[PDB]
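These notes concern the structure reproduced below.
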Amino acid sequence: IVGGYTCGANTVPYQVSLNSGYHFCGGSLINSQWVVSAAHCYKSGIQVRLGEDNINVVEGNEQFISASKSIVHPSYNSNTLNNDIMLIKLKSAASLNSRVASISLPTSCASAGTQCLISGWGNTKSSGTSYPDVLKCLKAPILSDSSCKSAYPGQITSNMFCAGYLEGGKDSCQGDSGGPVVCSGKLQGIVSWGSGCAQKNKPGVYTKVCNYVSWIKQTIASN
Ligand SMILES: CC(=N)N1CCC(Oc2ccc3[nH]c(C)[n+](Cc4ccc5ccc(C(=N)N)cc5c4)c3c2)CC1
Ligand SMILES: [Ca+2]
Ligand SMILES: [Ca+2]
């Protein structure tokens, strides 16, 4: 996250770190046994880390659980990143508390101009590299579809939306991938892609969760 702030330990209770010997992607807890993340974060041997603040310090509120199953969307296209969403089932149920909570799925899509909260442990530099140890947060509005498509001609599908600031300076970045975009208390996006981070006229691109609710609910119920 570039131009964001330190969230504060366990202020984003649904945020999860995906670890395979190190942090590689974020994710969201949707219930005691399932996490939603980006299909492009798929890896074999994932461990889910919950209630995390500093990813390099064990502060006592963490729950580390291995994944039993990973399901990438049936129509995920790695070339275009269309349908960039995957579900992860935990080996055992997480214990929910003040610092580990699930986020609700939306009952409808969000309007452009709606303010959202994006979070992660990704790079904090526009052009350079600096990875934080603590969770970073960022408030950003959903951009109009025309602004999104103008920034990335021929690359935006109906399963994507843009959020941020056209003037640059504030955005999600690499390391944030699979992380939550919460608007009006519902999970509306997953950190997917972009061009650089916080560059002018190149806002972040997110998977549009409101289009996958029925697939998420049907998949979870049969697995
Ligand atoms: C051809 C086509 N439809 N596309 C070109 C390729 C693809 O964009 C990609 C695809 C694969 C990538 N692999 C990597 C490492 N990047 C850079 C990458 C990855 C994730 C980001 C998340 C947020 C942001 C952000 N600026 N908020 C930038 C990112 C940049 C990537 C960016 C999706 C769109
Ligand atoms: Ca801390
Ligand atoms: Ca920790």
Side-chain angles (χ1 to χ4, degrees), residues 14-20 23-50 65-90 94 102-110 116-122 142-143 145 148-149 151-152 154-164 172-183 186-195 203-223:
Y14 51 83
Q15 171 89 225
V16 124
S17 171
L18 308 187
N19 183 296
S20 56
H23 167 87
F24 73 89
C25 276
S28 290
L29 192 79
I30 66 176
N31 77 28
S32 75
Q33 308 196 54
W34 290 94
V35 162
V36 183
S37 182
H40 83 264
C41 283
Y42 166 90
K43 199 166 294 199
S44 217
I46 294 175
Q47 176 184 83
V48 175
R49 304 187 161 203
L50 306 90
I65 307 170
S66 283
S68 49
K69 208 167 205 182
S70 285
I71 307 156
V72 163
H73 198 269
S75 313
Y76 168 62
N77 181 324
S78 55
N79 285 176
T80 71
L81 291 196
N82 189 28
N83 303 112
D84 192 18
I85 183 166
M86 138 179 92
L87 291 160
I88 305 160
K89 201 190 186 177
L90 301 180
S102 68
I103 184 66
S104 41
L105 291 186
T107 59
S108 60
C109 304
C116 302
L117 181 71
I118 310 174
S119 53
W121 289 275
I142 294 175
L143 302 191
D145 284 332
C148 190
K149 298 172 166 155
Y152 307 101
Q155 305 210 306
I156 305 299
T157 67
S158 57
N159 303 311
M160 301 166 195
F161 73 86
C162 287
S172 61
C173 198
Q174 39 193 343
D176 292 319
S177 300
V181 178
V182 174
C183 321
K186 308 298 192 139
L187 175 72
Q188 286 291 1
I190 308 165
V191 180
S192 182
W193 59 278
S195 187
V205 188
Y206 301 92
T207 311
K208 197 186 209 159
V209 181
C210 66
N211 292 356
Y212 295 101
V213 173
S214 94
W215 170 78
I216 295 173
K217 292 175 109 217
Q218 279 120 241
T219 298
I220 274 192
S222 315
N223 284 276

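Index from 1, following the sequence.
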Min side-chain heavy-atom separation [X]-[Y] under 4.5 Å:
X: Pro180; Y: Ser119; result: yes
X: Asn82; Y: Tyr76; result: no
X: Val209; Y: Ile216; result: yes
X: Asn211; Y: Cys109; result: yes
X: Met86; Y: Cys41; result: yes

- Sort and list the pairs that fulfil ring-ring contact (aromatic ring centres under 6.0 Å, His included) and have at least one residue in residues 204-223, not counting sequence neighbours.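 ring-ring contact (aromatic ring centres under 6.0 Å, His included) check on residues 204-223 returns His73-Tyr212, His73-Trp215, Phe161-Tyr206.
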Shortest non-hydrogen contact between [X] and [Y], atoms and distance:
X: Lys186; Y: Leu105; result: NZ-O, 3.4 Å
X: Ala39; Y: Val72; result: CB-CG1, 3.7 Å
X: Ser32; Y: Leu90; result: O-CD1, 3.8 Å
X: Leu143; Y: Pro203; result: CD1-CB, 3.6 Å

- Message: Quick one: does any side-chain atom of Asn159 pair with a main-chain N or O of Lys208 as donor and acceptor, under 3.5 Å?
- Response: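 Absent.
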- Query: Is there a donor-acceptor contact under 3.5 Å from the side chain of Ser68 to the main chain of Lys89?
  - Reply: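 Yes; at least one donor-acceptor contact below 3.5 Å.
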Could I get the full list of side chain to side chain donor-acceptor pair (under 3.5 Å) partners for [X], not counting sequence neighbours?
X: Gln188; answer: none
X: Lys43; answer: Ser20, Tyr22
X: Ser78; answer: none
X: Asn77; answer: none

- Message: Assess, by modelled atom type and distance only, whether the side chains of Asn83 and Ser75 contain a donor and an acceptor separated by less than 3.5 Å.
- Response: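 The criterion, which ignores hydrogens and geometry beyond distance, is not satisfied for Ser75 and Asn83.
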Those residues that, when tested against [X], pass side chain to side chain contact (heavy atoms under 4.5 Å, CB included) (two or more places apart):
X: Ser17; result: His23, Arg49, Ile55, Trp121
X: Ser195; result: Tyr152, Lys202
X: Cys173; result: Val2, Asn123, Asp176, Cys197
X: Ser70; result: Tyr42, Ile46, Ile88

Taking atom [atom1] of [X] and atom [atom2] of [Y], what is their separation to the nearest 0.5 Å?
X: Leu187; Y: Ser28; atom1: CG; atom2: OG; answer: 4.5 Å
X: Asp145; Y: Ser158; atom1: CG; atom2: OG; answer: 9.5 Å
X: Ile118; Y: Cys183; atom1: CD1; atom2: SG; answer: 7.5 Å
X: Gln33; Y: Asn223; atom1: CD; atom2: CG; answer: 11.5 Å

- Message: Determine whether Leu87 and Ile30 satisfy the following criterion, side chain to side chain contact (heavy atoms under 4.5 Å, CB included), listing intermediate values before the conclusion.
- Response: CA-CA 10 Å; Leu87 291 160; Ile30 66 176; 4.2 Å; yes
- Query: Can you name the residues that form a ring pair (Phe, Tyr, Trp, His ring centres under 6.0 Å) with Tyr14, not counting sequence neighbours?
  - Reply: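 Partners of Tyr14 under the ring pair (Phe, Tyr, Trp, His ring centres under 6.0 Å) test: none.
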- Message: Going by the rule ring pair (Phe, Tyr, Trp, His ring centres under 6.0 Å), which residues pair with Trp34 if we only count those two or more places apart in sequence or in a different chain?
- Response: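 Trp34 satisfies ring pair (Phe, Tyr, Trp, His ring centres under 6.0 Å) with no residue once adjacent residues are dropped.
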- When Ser172 is tested against each of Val181, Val205, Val191 for side-chain contact (heavy atoms from CB on, under 4.5 Å), which residue passes?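 It is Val191, the one option of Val181, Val205, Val191 that forms the side-chain contact (heavy atoms from CB on, under 4.5 Å) with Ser172.
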- Message: Apply side chain to side chain contact (heavy atoms under 4.5 Å, CB included) to residues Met160 and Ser192 and explain how you reach the verdict.
- Response: CA-CA 9 Å; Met160 301 166 195; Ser192 182; over 6 Å; no
- Query: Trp193 and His40: side chain to side chain contact (heavy atoms under 4.5 Å, CB included), yes or no, with the steps?
  - Reply: CA-CA 10 Å; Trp193 59 278; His40 83 264; 5.7 Å; no
